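# coords below, sequence missing:
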C-alpha cells in the first residue's frame, strides 16, 4: 500500500555547462 | 493528525540593516 | 675529558655541558657524597662500575649518589639510560681539597629544542593577532523580533560575527539552508566582554532564537566563492603542519 | 683486525665499522669497564667467551658491559644476534693506558639499504607528482539544484574531479547507471584547501545530493575505452610490484 | 660490575523516640571564587530535543554568572553546557529529567557541574 | 663457555540528607588542538539507511571543524566518519540510535570519537 | 595518524562487487561475488584490490516476519594476482543499506 | 538573616488521594556566608506537612 519515498529527482530542464572557466588544477 | 509545532517564523516585513554604525572591531 | 666548570659562588658546585663524544672527569675527595643530577623525565636503565666495591652507589629516581669506599679507587662509571649513556673517570683526590659536591648537566640540544619551540609560539601568536589584509562584509539585514537583534553583524570571508549589546542575552544562532531548514552551526564567543558570537561559516541567511522570539539575518552580499583555506588555520599567515609523521 | 678509531674529544671513545669477516681489537685495561652496544632493536641470542672468568659479562637489552677479572686476560668474546654475529678479541693491556670506555658500530649495510629506500621513495613521489601526458575532458553539463553545484568538473580518463568553492558545503556524489539507479562510488578529497572531490571512476552521468537538494552531472564526451591500467597505480610512471613472493 | 517488663507491643513501638542529631553552622571559605547550591544558571537550549532515544543536549549561557558575593564573573556568557537525558517518559509524564554535566567557559575554564536541568522557572525536568 | 531511640521509621527515613560533593574548576590545556564536548560536526549521510539488519554507516564532513579557540582547522572537510546502529526500532519509535565511531581526515589523521549521531538540529538518533 | 596510506584501505570504504550466486535463504549457505572496479588505496594512488577479485561470504539464520533483508558477511577476497586478505565485513545493497 | 537561600529537594511523586508532596530542605546560606545543614521538613504556610 505504502512504499518508501524516493529522493528528489533533479529537473532536466536548466542544463548548463559546469565549467565556465578552465580550472587552475589543469594548469590553464 | 497532530504534529510537533514548528518554532516561530519571523515576519518578513520589517527588514532593516543590522549595522546602524560601523563596528570598532573592524577598526573603524 | 670534559672537566666540570666551577661556579662563581663556590668551587664545590661545578657544571658540565653534555657531550656524547666526551667523558666527565669527576675529582672526588674522600668521605663526601657527590650528587649527580640527571635530566627530568630521564629513566635510569643500567650502570656499571669499574669496581662495585671501590665506590658506594645509591640511586633514587634521577638522583645519583656515589661515595668512595676504598683507597686508590680509580675506576669508571658508565650509567646508561633510555636517552643517553653517561661517562665518568673517577679519579681519587689524595689531599682532600677542591671537592665536588654535585655535578649538574646542561644539554645544548634540549635547550635549543625548547627555545626554538618558544620562538615559534611567539611568532604564531604575533601572526594570529596581526590579522592583516582582511576584507569585511557589512551588507546584513534583519527582520523579526528586533529585541534580540545584534547591534552589529559582519563577516571577514571565513567567519560571521554578531555583536550584542552589554544588556542583551546572548541568543542561539542557527544556519538556514535554501529550503529554509535550520541546522546547528559551531560558534565561538569572542570579544573583550564576550559580546561577539563568531559562527564558523559564511551563509546568506541566518536564524536567531531566544525563547519564543525569532529574528532572521540576511546576507545581502553573499560571495559563493570566498577565500580558500590553504593553511589549515583561521589565519593566512599561520600554517598547520603535520607533526605526527607516521 | 679492526682497530676502532678514537673521537677528537676523548681518545677513550672509539667507533668501528662492522665487517662480518673481521674481528675488532679491544684494548681493555684493569678496572675500567667497557660498554658495548648492539644496534637499536636487536635481539641478543647468546654469547660465548674464551674465558668465562677472565671477563665479567653483564647485559641489558641491547647494552653489554665487560670488565676483566684476572691477569693475562687475552681471550675472545663471540656474541651472536639475529642480524649478525659480532667478533671481539680481548687483549689486556699491562700499563693501564688507552682504555676503551665505549665502542660503537657504524653499520654500512643497514644505511646502504636505508639510502636505497629513501631514493626509491623520492623517485616514486617525483613520478606521482610529475603527472605528464594527461588528457583532460571538460565537456560536462549539469542540471538540477544549482546551489550545490561545483565551480569546475573534469576528468583525466581515470578519475572524475569536482571542484567546489570555499564557501560551499561538500555534498555527496553518487554513480548513476543506464537505468537511472544510484550506487556508491569511492572518493578522495584532494586539493590544497580540500575543495576537490575525486571519484575513482569515469561515468557518463553522476548525481550530487546534499540534504534535500539534488543535482545531476552529465558527461558529454564519455569515452568507453578509456586508458588501461597496466601498472597498478594511478600513474603510468609507477609500477606496483609483487613483494610477497610466495 | 654492580653492587648487588516489655509488653505493650503496639503502643510501645509507637512511643519509640525519634532523635535527630543537631547541626552546627560553618562558613564558606572564599565567596569571590564560589558558586553555591541553588544558584540558577540561565542558558538557551541549542539542540532540538526528542526523547525517543537517549542523547546529549547542549545549551549556552545567556548571562554572566557572578560569585555568591556578586563581585566576580565566574562563568562567562556564551559558555557551553553539556548534558544528557535517558530512559524516556512514562504514561502521564510531560517532563524529562535532563542532567547537565559540564560547562566550558569561553576562556577555557572547565568545571564538572552535575546538576538537574529545569524549565525557565525552575520546575524539574 | 658462559659464566653462570530509633523510631519514627518513615519520617526519619524521609529526612535523610542528600549530600552532594562540590566541584573544583579546571582549565583546558591547549585549546588550539582541542575539540571539546558538545561540538556539532555537520556531515552528509552517504549510505542509505534501512534498519532491518544491524549495519555500518558512513558520512562525510561538509565543513572544516575548528578547534575550541576557533583558530586551527582540526578535522578537514571531506573527512570520512564511520558508525553503526543495531537493535532495530520498537513500536512508537521513529528514530534509531546511530553511534559514530571513527573519523579520518583527508591528510591521514584518525581519531576515535564514539559519539552519538543526531539529526540536523541535535535531536537524538 | 595512519602509517602508509598507499598500502591501506580504511574503514568504510565501499567495495562494489557483482553477485554471482543466486541467493535463496531457505538454508544457510555461502555466497560469492566479483569486484567490478579497481579498489584504490586511501591516498587514491595504488590499486590494492584488482577488478575481478573473488569475494566469498555467507549468511545464516533466515528471515523473521517483517524482515525483507538478510545479513551477509563477506569473509575473504582473493585478488587475480594471488593476494588474499581476510575482510570480515558486512554486505550491503547498492547504496549501503544493510543486508 | 533575611534573604538567606535555602535548598531542598523532593522525589517519589504523589500517590492517589495525596495532594501534598514531601519537601526536605537541606542547607541554608546566610547573606554573610554562614552555612548550616538543616535537614528539616518543608511545610505549608501554617505548618501542614509537605
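Yep, that arrived. Numbers count the residues shown, from 1 in each chain, chains lettered A, B, ... in the order given.

# which residues does residue 7 contact?
All of this is about chain A. D:209, D:212, D:214 (Cβ atoms under 8 Å, 6 or more residues apart in numbering or on different chains). In this view, the C-beta of every residue, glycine as well, is placed from N, C-alpha and C.

# meant chain C, my bad for not saying
Counting by Cβ under 8 Å, 6+ apart, residue C:7 has contacts C:13-15.

# Helix, strand, or coil at residue C:71?
Local secondary structure at residue C:71 is given as coil here, using DSSP: H, G, I helix; E, B strand; the rest coil.

# same thing with the one 5 residues further on?
For residue C:76, the assignment made with three-state DSSP gives strand.

# pretty sure it contacts residue C:47?
No: the criterion here is Cβ atoms under 8 Å, and residue C:76 misses it with residue C:47 at 10.6 Å.

# Highest neighbour count among the contacts of residue C:7?
The most crowded member of these, judged by other Cβ atoms under 10 Å in any protein chain shown, is residue C:14 (21 neighbours).

# Compute the distance between it and residue C:62, please.
18 Å (Cβ to Cβ, to the nearest Å).

# again, but for residue E:117
49 Å.

# go on, residue C:86?
Residue C:86 is 12 Å from residue C:62, by Cβ to Cβ.

# before we move on, what about residue A:24?
56 Å.

# The closest residue to chain E within chain C is in what secondary structure piece?
At 3.0 Å from chain E, residue C:189 is the closest residue in chain C, using Cβ to the nearest Cβ. Per DSSP states H and E: residue C:189 is located in strand C:187-190.

# Disregarding flanking residues, what is the spatial nearest neighbour of the residue positioned nearest the centre of chain A?
Nearest residue to the geometric centre of chain A (Cα atoms, centre = their mean): residue A:10, 7.8 Å. Nearest residue to residue A:10, sequence neighbours excluded (Cβ to Cβ, 6 or more residues apart in numbering or on different chains): residue D:144, at 2.8 Å.

# ok, that neighbour - how many residues close by?
Residue D:144: 23 neighbours (other Cβ under 10 Å).

# Go ahead and confirm it touches residue D:218.
No: here residue D:144 lies out of contact with residue D:218, judged by Cβ under 8 Å, at a distance of 10.4 Å.

# Relative to chain B, how far out is the residue of chain C positioned farthest from its centre?
In chain C, the residue that sits farthest from the middle, by Cα atoms, centre = their mean, is residue C:71; the gap is 49.5 Å. Residue C:71 is 78 Å from chain B, where distance means Cβ to the nearest Cβ, to the nearest Å.

# And residue C:58, by the same measure?
62 Å.

# That residue - that's part of a strand, no?
Yes: under three-state DSSP, residue C:58 falls within a strand.

# Now do the helices in chain E.
For chain E, applying DSSP state H gives helices covering E:9-14.

# So which bits of it are right by chain F?
Neighbours of chain F within chain E, by Cβ under 8 Å from any Cβ of the partner chain: E:13-20, E:37, E:46-58, E:80-82, E:102, E:104, E:108-114.

# out of these, which are buried?
Those of the residues of chain E next to chain F that meet the buried threshold are E:46-48, E:50-53, E:55-58, E:80-82, E:102, E:104, E:108-109, E:111, E:113, by 16 or more other Cβ atoms under 10 Å in any protein chain shown.

# before we move on, the earlier item: got the contacts of residue C:7 as CSV, with distance to chain B columns?
Formatted as CSV, those follow (distance: Cβ to the nearest Cβ, whole Å):
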residue, distance to chain B
C:13, 54
C:14, 56
C:15, 50
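
# between those, which is nearest chain F?
residue C:15 (32.6 Å).

# so which strand or helix has the closest one?
strand C:13-17.

# Need the three-state assignment for the residue of chain C found nearest chain A.
For chain C and chain A, the shortest gap (Cβ to the nearest Cβ) falls at residue C:179, measuring 10.2 Å. What three-state DSSP gives for residue C:179 is coil.

# Pull the contacting residues for it.
D:211-213.

# Now do the end-to-end distance for stretch E:14-22.
23 Å (Cα to Cα, to the nearest Å).

# Need the contact partners of stretch C:62-70.
Here stretch C:62-70 has contacts from C:28, C:30-40, C:42, C:44, C:51, C:53-59, C:77, C:79, C:90, C:92, using Cβ under 8 Å, 6+ apart.
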